[PDB]
Structures are given as C-alpha cells and as structure tokens.
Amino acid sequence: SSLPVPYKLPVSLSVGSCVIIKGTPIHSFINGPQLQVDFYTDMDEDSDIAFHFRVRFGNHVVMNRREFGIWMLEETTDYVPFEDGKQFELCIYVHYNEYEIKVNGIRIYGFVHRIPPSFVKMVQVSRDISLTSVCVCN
C-alpha cells in the first residue's frame, strides 16, 4: 500500500468537491473483505460522522450518519459493482443536496446531507484494503 490504513486525511469540503479513492481489497470476496469511508466532523474518531459508507464486498453496502454520538437510520443498497481481486475507483461527489457515490464510474447511491458537507473536517478510509491514492478535487 502507498498509504497507511486507516488513512485519516484532514479536508475541507464544499459543494463541487470530489473525493477519489483508489485501492485494492486485501482478501478475495469469499473471504469477506470490507472497505469503510467515514466523513468525520473532527479528527477525533468519536466525533460525529456526516456520512458513513461501509462496503461488504460482493454482498451489500451500509450507509449511515452519527449525530450527537448516536447512529441514525441505516441506509443500504445491494448494488456493489466491485470486482474480485481488482483495483477499484470510488468517487464521492459533494452535490448541494447529496453525496453522489460512484464505484468504478458507476453511480450506486446518493446520500442526502443531514448536516452541511462543510462540517466535514476529516475523511477516514479503513479496513481490508490496500490504498493506492486518495485525491480531493475541486
């Protein structure tokens, strides 16, 4: 891996920002690897989370937020077009209303803001992946 995992990147996001994460799962899908991305409101890992994204590869994706320390209503989707053993490209685009989530160019979900994305001060990429690059674009 080019970057350490868990990878905690201080960020400032606004509408129009784009988070691009490139990496590879470190296990085959029959071994149940996961990939987690958290849009944290501070560097402390107990802080509130504006957007939590957790892929169980070849299985499903769980999404949520954490407000006042409490997990809210979980959202999910079965569309997880990652490929076993291959590098992936995960793009999270900050729209005025939602985060649009693309997996290898394929839009899979829009997670609607319950707090403004400018509250996000850190992005953490974690679990069973090797990280090639993380880029924040405007």
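Just count from 1 along the sequence shown to find any residue number.
Stretch comparison (32-40 versus 75-83) by mean CA B-factor in the PDB entry places 75-83 on top. The stretch 103-111 shows the higher mean C-alpha B-factor when 103-111 is compared against 46-54 in the entry. Among the modelled residues of its chain, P25 has a C-alpha B-factor that falls in the lowest third according to the deposited record. In the PDB entry, a CA B factor belonging to the lowest third of its chain's modelled residues is recorded for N64.
Ranked by C-alpha B-factor against the other modelled residues of its chain, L13 falls in the middle third. Annotation for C137: CA B-factor lies in the highest third of the chain's modelled residues.
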